[PDB]
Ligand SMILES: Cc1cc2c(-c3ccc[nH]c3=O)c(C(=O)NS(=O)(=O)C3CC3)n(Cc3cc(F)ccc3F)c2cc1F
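For reference, the chain that follows is the form deposited without the ligand, supplied as structure tokens.
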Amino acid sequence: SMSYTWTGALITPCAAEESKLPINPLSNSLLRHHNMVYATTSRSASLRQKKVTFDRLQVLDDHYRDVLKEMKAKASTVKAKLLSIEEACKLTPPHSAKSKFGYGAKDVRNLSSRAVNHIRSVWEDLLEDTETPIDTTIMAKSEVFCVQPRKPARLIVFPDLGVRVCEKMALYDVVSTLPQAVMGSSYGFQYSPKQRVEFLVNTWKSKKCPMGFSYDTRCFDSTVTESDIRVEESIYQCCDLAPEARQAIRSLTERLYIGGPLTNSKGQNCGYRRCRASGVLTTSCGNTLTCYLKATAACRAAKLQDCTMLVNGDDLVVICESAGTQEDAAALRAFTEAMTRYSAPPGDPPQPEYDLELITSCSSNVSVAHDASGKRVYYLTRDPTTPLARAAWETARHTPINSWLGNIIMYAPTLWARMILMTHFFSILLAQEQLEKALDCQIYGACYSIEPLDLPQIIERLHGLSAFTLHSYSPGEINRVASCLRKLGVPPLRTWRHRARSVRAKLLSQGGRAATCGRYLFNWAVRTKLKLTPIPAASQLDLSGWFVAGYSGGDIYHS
């Protein structure tokens, strides 16, 4: 059937939309070619709609069914608990879109009488009505990018706040535990960046002659069929569930997950959806399961040997045993045709890779640098173009989420996050006298509140002390970073080094945690290095819950 149906009503904004980077004294010191930075707006909504609207084709075979049974078997070991209204409310972000029933996020987090009572009626409704399609709002997402040698806005579909709270009650535990139970080491969200690298590298080393490839599905959400979603539910149903949870999952599946009506910001019937909605709790878990299911089955059909999958939502990377150049290319092609039959056609044609550093997955790749002792150390990196464009936008405007903080945390070892993001933002936080102020950022979609001053401990725990001493980066990584700086008009190393030494001195003179930020975060900027010993507070950090599951679009806040 058609992934979408359109009435003709337009996808409308809910207020003025900013598309250009404001000329700002601070963002200008980070990146000079401000005209290359833009934010998508609903003005490109029509371009996106045309791309995600099409009739899906799906043909299932014995491999698909075999893998599904294997998956259901593992799901059978799980026991999901069901959250109380109180617990679900606590998971709601303070900035989550308000309900249309007289209350907002704050009321939800504060267990307000009106919010709680409405949520209860919505839950009871899920238990009683098993068919009425649940209403959803559709909006053009506002994201920042750098022009290319432009990207139309993505579309986000989400239900009301009341319904979102109910989703948590019925499925939060499910989506946080089942993927790992079912997919094991292949579930990407269980790994911190360091752990992901370790998994990728160890997997690559376990092969006689390794071959790997990333698979980009063309607009994955729209390729998800009604069948995929019911298959997905069938997996969840293998869990031991409370009666009410079981019914809520059944109702939520038929009333919301498989599709439903689309309403714009003005309250106008925009159309109908028959594919994956981006803004629901099950989106990450659902896409991961579906991608893993089709890919694992496709690998068998294609006869790829000893495959090892790493899946993060719709992002997939496969590493297998090479059977030779011609054969690998033929097997990959067979893989793609199998995936196409499963309704997961490729966007970018896949290509076999024999060099791990050249494989991009989750917009990132593994690369090598060296610590003070000279030992090779692997770490996760990526082209810094988008991260920098966003750092610049976030420096000029006030944004709910601070992608820059998230990028420093996740890419602490990289040459660009250290030289640029750390230097730029600490210099600004110092001046504005806001080093103590906790800021929100996202990690695998979930929102977190983090104080800049704890970055040293955070980085040591997550990446190890070598994150503060890496040097001699790969020629490929250096060329990529350099060409990026020239493109965006970003100051050269010498300028950043000078600014870093200055920021570093100001931090040291302050003592306390600030000085700790000076010593570790900026040791790369001075010649007379300082002995960097284990940070006490790093051995007392509970960062486990950071890498458990994916929640993009799930409206999840972890306090």
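Note that residue numbering begins at 1 and tracks the sequence as displayed. We call the rigid core whatever largest set of C-alpha positions still superposes within 1.5 Å between the two forms.
- A fit on the rigid core, followed by a root mean square over CA positions in 5 other deposited structures of this protein, ranks 467-475 against 175-183 and picks 467-475 as the more shifted one.
- Note: missing coordinates for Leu541 occur in a third or more of the other compared entries bracketing this position.
- Unmodelled stretch separating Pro149 from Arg150: 4 to 9 residues (count of deposited-sequence residues without coordinates).
- Relative to its counterpart among 288-296 and 348-356, 348-356 has the higher mean temperature factor, C-alpha atoms as listed in the PDB entry.
- Mean CA B-factor, 33-41 versus 524-532: the higher value falls on 524-532.
- The entry assigns its greatest Cα B factor, within the set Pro387, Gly212, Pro400, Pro179, to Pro400.
- The PDB entry assigns its highest CA temperature factor, among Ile134, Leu127, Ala277, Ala396, to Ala396.
- Ranked against the other modelled residues of its chain, the C-alpha B-factor of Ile11 as given in the entry falls in the middle third.
- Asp328: CA B factor lies in the middle third for its chain, per the PDB record.
- Ranked by C-alpha B-factor against the other modelled residues of its chain, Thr495 falls in the lowest third.
- Sort the modelled residues of the chain by CA B factor and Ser3 lands in the lowest third.
- Split the chain's modelled residues into thirds by C-alpha temperature factor. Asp315 is in the middle one.
As for the form solved in complex with the ligand, it is not shown, yet the points below apply to it.
- Proximity to the ligand in the bound PDB entry, defined as a heavy atom within 4.5 Å, holds among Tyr342, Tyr236, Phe189, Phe335 only for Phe189.
- Though the ligand is absent from this view, in the bound PDB entry it lies within 4.5 Å of a heavy atom of just one residue from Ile134, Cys362, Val116, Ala75, which is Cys362.
- Comparing 296-304, 401-409, 248-256, 177-185 against the ligand in the bound PDB entry, the single stretch with non-hydrogen atoms within 4.5 angstroms of it is 401-409.
- For the chain shown alone, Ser552 is a contact residue for the ligand in the bound PDB entry, at least one non-hydrogen atom being within 4.5 angstroms.
- Within 4.5 Å of some heavy atom of the ligand in the bound PDB entry lies at least one heavy atom of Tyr444.
- By the criterion of a heavy atom within 4.5 Å, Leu380 is counted among the residues contacting the ligand in the bound PDB entry.
- Interface residue remark: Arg109 is not counted as part of the site for the ligand in the bound PDB entry, having no heavy atom within 4.5 Å.
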